[PDB]
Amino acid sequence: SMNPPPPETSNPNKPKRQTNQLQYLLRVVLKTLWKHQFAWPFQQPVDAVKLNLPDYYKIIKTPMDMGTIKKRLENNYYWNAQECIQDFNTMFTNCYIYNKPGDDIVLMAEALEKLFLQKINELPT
């Protein structure tokens, strides 16, 4: 099909390390974005079959979505906040490089990204 398997969500052999920043990313940042009116296209991997995007997974080399980020946080996949933040940035970047500027999905992504950046400004030190 046009769709790959979803990204891995468990980090093999990685010891558990909890931090305030990771708790904030899961319970504040991701929660706020997930509940936003524009979150739904980003809550699971892009469905290239349903949307008829034959080249999506040719163009986008590192797929990412909020569902994957959520599971990664829950599984303590990330060693630090910066790794989690990079996955969010990849998600937004993928949208901006694939979709025509001005498309609904791009406007939605931009709104979510503005909120993301506001919440990351209050990341614990």
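Residue positions are given as counts along the sequence shown, with the first one as 1. Take the two forms, find the largest set of C-alpha atoms that superpose within 1.5 Å, and that set is the rigid core.
After superposing on the rigid core, the larger RMS C-alpha deviation in 8 other deposited structures of this protein belongs to 74-82, the other candidate being whichever of 74-82 and 32-40 remains. Choosing between 105-113 and 17-25, the greater Cα displacement from the shown form in 8 other deposited structures of this protein, fitted by the core, goes with 17-25.
In this entry, 26-34 has the higher mean Cα B-factor, the comparison being between 63-71 and 26-34. Averaged over their C-alpha atoms, the temperature factors of 10-18 and 109-117 are higher for 10-18.
Residues shown: 46, 53, 81, 95. Highest C-alpha temperature factor in the entry: 81.
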